[PDB]
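Start at 1 and go down the list; that is how both ligands and their atoms are numbered. Every heavy atom of this structure was used, including side-chain atoms; hydrogens, water molecules and symmetry mates were not. Along the sequence shown, the residues carry numbers beginning at 1.
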Amino acid sequence: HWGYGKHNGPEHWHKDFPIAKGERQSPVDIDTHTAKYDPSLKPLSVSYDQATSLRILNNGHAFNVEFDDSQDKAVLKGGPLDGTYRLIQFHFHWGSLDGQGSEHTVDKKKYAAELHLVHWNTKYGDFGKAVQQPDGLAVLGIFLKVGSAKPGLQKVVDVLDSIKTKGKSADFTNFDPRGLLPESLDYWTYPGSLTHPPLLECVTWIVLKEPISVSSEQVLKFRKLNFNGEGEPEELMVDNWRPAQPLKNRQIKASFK
Ligand SMILES: [Zn+2]
């Protein structure tokens, strides 16, 4: 039902998912001049050396690069987090043109795209249990701008032709997500939600300050994907982002001065 089309997009989601108007919805605008440096926050610990990617899937709203999360391999720890969060998948949000695509914004600036690396809290045993808890997920968000190519993205780019339509997947082993990080891991953090239905309020957001650069050719391949299934009317997979939601009673904390 829900999507990013002309009649089922973010402004409609609240009908079926009333949590869309909840108290800790994502994404949000990050006001750089009211996010406060928090000296109690720690450097992120991104431990991806043993990551095992398995598969890439077009799910009709993005594509997910899926990992083996059946044991502690690729984990996120530290930062604002207590305990250990296992990497399950990453995906992107992007626009029809370079001036929109990100979910989070920075002083109202929209980036061309945003990468989400999704991790679940091992204290809850499985992902399905984790999403029912306020500290169940940690999502590392990384902005993309268009300029130079990102070498470590090309292997993703080049498989997209094989998963054009919803429900298609392809083997995708030995991909190293470290090639998608910027140089600095300085970040903002706040409590929020998943950004598409069911919009569960289970996420500690960790949004990196420094964007990565990808090329116009790389982004153009993203924009050739389809929301639709094989043989159905073609709807390009573009503008798969939810706009910023009210901050309400939340504070955005910065890891950096
Ligand atoms: Zn996302």
Side-chain angles (χ1 to χ4, degrees), residues 2-5 8-11 13 17 19-20 22 24-30 44 46 48 53 55-67 69 74 76 85-96 100-106 110-121 127-128 130-131 136-145 150 153 156 160 163 166 169 172 175 177 180-182 187-209 211-212 214 218-219 222-223 225 227 237-245 252:
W2 68 268
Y4 303 95
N8 66 357
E11 66 283 18
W13 295 351
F17 305 92
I19 200 169
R24 60 171 281 179
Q25 290 290 293
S26 295
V28 299
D29 184 54
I30 300 163
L44 279 174
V46 185
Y48 287 172
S53 67
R55 193 178 71 141
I56 191 174
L57 171 73
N58 181 332
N59 60 29
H61 45 97
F63 63 84
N64 289 179
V65 175
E66 298 169 350
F67 289 78
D69 60 341
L76 188 62
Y85 291 71
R86 281 204 190 144
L87 180 62
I88 178 169
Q89 53 96 342
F90 73 76
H91 60 275
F92 304 80
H93 307 269
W94 63 94
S96 51
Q100 59 187 217
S102 68
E103 296 207 306
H104 295 86
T105 57
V106 179
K110 298 173 174 78
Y111 285 87
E114 186 174 329
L115 164 62
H116 290 161
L117 299 113
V118 180
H119 314 72
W120 59 270
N121 193 333
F127 178 91
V131 297
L137 296 185
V139 182
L140 181 56
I142 307 179
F143 294 118
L144 280 61
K145 63 182 190 176
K150 190 67 164 176
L153 184 61
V156 172
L160 298 182
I163 59 152
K166 178 177 186 185
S169 68
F172 202 68
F175 179 78
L180 301 176
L181 300 175
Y187 65 86
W188 297 282
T189 183
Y190 75 96
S193 75
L194 287 169
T195 66
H196 68 258
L199 298 168
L200 295 176
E201 292 179 333
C202 62
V203 179
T204 303
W205 276 97
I206 300 165
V207 176
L208 299 189
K209 175 166 184 300
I212 61 167
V214 303
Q218 289 179 319
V219 164
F222 282 56
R223 294 181 182 144
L225 289 164
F227 287 125
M237 184 180 282
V238 295
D239 299 315
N240 62 343
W241 49 279
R242 186 191 193 188
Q245 299 301 308
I252 303 178

Original post:
Which value, rounded to the nearest 0.5 Å, describes the distance between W120 atom CH2 and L87 atom CG?
Top reply: 11.5 Å
**OP:** Answer whether the closest heavy-atom distance between the side chains of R242 and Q25 falls below 4.5 Å.
**Re:** yes
Original post:
Is a side-chain N or O of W205 found less than 3.5 angstrom from the main chain of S193, in a donor-acceptor match?
Top reply: yes
Original post:
Under 3.5 Å, side chain of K166 to main-chain N/O of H61, donor-acceptor pair present?
Top reply: no
Subject >> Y48 ring center within less than 6.0 Å of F175 ring center >> reply: no
Subject >> the Zn ion (ligand 1): protein N, O or S atoms that are less than 2.8 Å away, sorted by chain >> reply: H91 NE2, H93 NE2, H116 ND1
**OP:** Sequence neighbours left out, what passes side chain to side chain contact (heavy atoms under 4.5 Å, CB included) with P182? Give chain and number order.
**Re:** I142, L208, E210, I212
